[PDB]
Each structure stands twice: as C-alpha cells, then as structure tokens.
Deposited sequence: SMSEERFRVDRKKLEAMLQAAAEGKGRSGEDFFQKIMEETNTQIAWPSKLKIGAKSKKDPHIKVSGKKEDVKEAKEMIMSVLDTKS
C-alpha cells in the first residue's frame, strides 16, 4: 500500500524547526531515513509519502513536535 498524506501543522512551530535544522543531521531527514518516507512543505500543510505504515509513523512523529 502506497500512501500520500497531507496535514496541517503549526506555522510558528514549523518556522522554528526549519531554522534549527539550518544551524545543524536534520529532524526531517532523520524521519525520512528512519521511515523511508518523503516530506514536503509549502496553518500550512506538509506532505508525507511512502508505505501506509511508514507514512503513519512519520506523521505521528512530526505531529508530536508540530502539534495543533
């Protein structure tokens, strides 16, 4: 099963995470490597692609940080 999920995240929380990932590997590339998923970003939305289970696991991690 191949899934592609698009969900809203806090704009200010996503703002701070992108800045920290610049000064740094990366919180997102760690999830992408760990879950074998593809993340895309522009509250705004981010987009995760991959296996149904991997997308579900990437979303649970991202949403815990970028909660709403």
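So which bits of the deposited sequence did not make it into the model? Unmodelled stretches: 25-29, 48-58, 85-86.
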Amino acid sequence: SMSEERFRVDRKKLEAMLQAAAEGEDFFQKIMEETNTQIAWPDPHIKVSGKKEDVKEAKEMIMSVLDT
From here on, numbers count along this sequence of modelled residues.
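Among the modelled residues of its chain, does the C-alpha B-factor of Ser3 lie in the lowest, middle or highest third? CA B-factor rank for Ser3: lowest third.
Comparing against every modelled residue in the chain, figure out the third that the C-alpha B-factor of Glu15 lands in (lowest, middle or highest). Middle third, going by the recorded CA B-factors of the chain.
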